[PDB]
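Data block below; observations after.
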Amino acid sequence: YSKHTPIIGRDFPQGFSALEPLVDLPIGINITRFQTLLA
Amino acid sequence: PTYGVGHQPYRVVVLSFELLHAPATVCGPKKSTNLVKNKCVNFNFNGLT
């Protein structure tokens with residue numbers, strides 16, 4: 001699920017905004033760990 | 001070049017189907033009908049009946 005909220009100038013905008021469904025994929029993978037990737 | 005029912009070459013394809021706990025992402029070509037409005041009908045919309 002995700003949401004993109006425009007940024008004004010303060011960063012981390014305030015207000016309630018719900019995330020919207022983006023992707024739902026039938027992989028069937030057991031997930032216990034994850035890692036973040038930077039370029 | 002020798003021919004006969006038991007002697008000609010034959011091409012065989014085997015479709016071996018499995019089943020497991022993973023989601024089944026493959027399905028057949030579920031056939032739809034046209035859309036009927038303003039009448040009392042039975043319906044099935046993407047599995048909702």
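Chain lettering (A, B, ...) mirrors the order of the structure tokens, residue numbering begins at 1 for each chain separately, and ligand numbering begins at 1 in order of display.
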
Discussion item. Should the cut-off be 9 Å, what would the residue list for chain A against chain B look like, counting only C-alpha atoms, as a ChimeraX atom specification?
Written reply: /A:26-29

Could the residues in this selection be written to a file with C-alpha atoms, as a short mmCIF file (atom, residue, chain, number, x, y, z; two decimals), in the first residue's frame?
data_model
loop_
_atom_site.label_atom_id
_atom_site.label_comp_id
_atom_site.auth_asym_id
_atom_site.auth_seq_id
_atom_site.Cartn_x
_atom_site.Cartn_y
_atom_site.Cartn_z
CA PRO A 26 0.46 -14.14 -5.06
CA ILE A 27 4.06 -15.20 -4.33
CA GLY A 28 3.64 -17.52 -1.35
CA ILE A 29 7.08 -16.58 0.08
#

Fill in: residue A:21 surroundings by only C-alpha atoms, 7 Å radius, close-in-sequence under 2 positions cut, as a VMD selection string
chain A and resid 1 to 2 19 23

I need the chosen residues saved as a PDB file, in the first residue's frame, with N, CA, C and O atoms.
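So the final result, stored in result_22.pdb, reads:
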ATOM      1  N   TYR A   1       0.880  -1.156   0.000  1.00  0.00           N
ATOM      2  CA  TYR A   1       0.000   0.000   0.000  1.00  0.00           C
ATOM      3  C   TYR A   1       0.918   1.206   0.000  1.00  0.00           C
ATOM      4  O   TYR A   1       2.021   1.125   0.535  1.00  0.00           O
ATOM      5  N   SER A   2       0.493   2.320  -0.594  1.00  0.00           N
ATOM      6  CA  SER A   2       1.367   3.484  -0.545  1.00  0.00           C
ATOM      7  C   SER A   2       0.592   4.775  -0.738  1.00  0.00           C
ATOM      8  O   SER A   2      -0.558   4.780  -1.182  1.00  0.00           O
ATOM      9  N   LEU A  19      -3.318   5.269   3.301  1.00  0.00           N
ATOM     10  CA  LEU A  19      -2.575   4.697   2.197  1.00  0.00           C
ATOM     11  C   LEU A  19      -3.524   3.891   1.333  1.00  0.00           C
ATOM     12  O   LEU A  19      -4.441   3.232   1.828  1.00  0.00           O
ATOM     13  N   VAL A  23      -0.103  -2.684  -4.855  1.00  0.00           N
ATOM     14  CA  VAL A  23       0.259  -3.985  -5.414  1.00  0.00           C
ATOM     15  C   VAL A  23      -0.219  -5.100  -4.486  1.00  0.00           C
ATOM     16  O   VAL A  23      -0.223  -4.950  -3.263  1.00  0.00           O
TER      17      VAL A  23
END

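Take atom CA of residue B:15 and atom CA of residue B:30: the distance between them is 20.1 Å.
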
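Counting from atom CA of residue A:35, the distance to atom CA of residue A:18 is 24.5 Å.
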
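Between atom CA of residue A:15 and atom CA of residue A:34 the separation is 29.0 Å.
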
Item to complete: For residue A:4, please output as a ChimeraX atom specification all residues within 10 Å (counting only C-alpha atoms; exclusion window: fewer than 3 positions along the same chain).
Response: /A:7,17,19-20

Next, write the just-selected residues to a file, as an mmCIF file, in the first residue's frame, keeping C-alpha atoms as the atom set.
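Output file again17.cif is given in full below:
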data_model
loop_
_atom_site.group_PDB
_atom_site.id
_atom_site.type_symbol
_atom_site.label_atom_id
_atom_site.label_comp_id
_atom_site.auth_asym_id
_atom_site.auth_seq_id
_atom_site.Cartn_x
_atom_site.Cartn_y
_atom_site.Cartn_z
ATOM 1 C CA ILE A 7 5.831 18.671 0.465
ATOM 2 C CA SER A 17 -4.046 10.586 4.840
ATOM 3 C CA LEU A 19 -2.575 4.697 2.197
ATOM 4 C CA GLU A 20 -4.083 3.311 -0.910
#
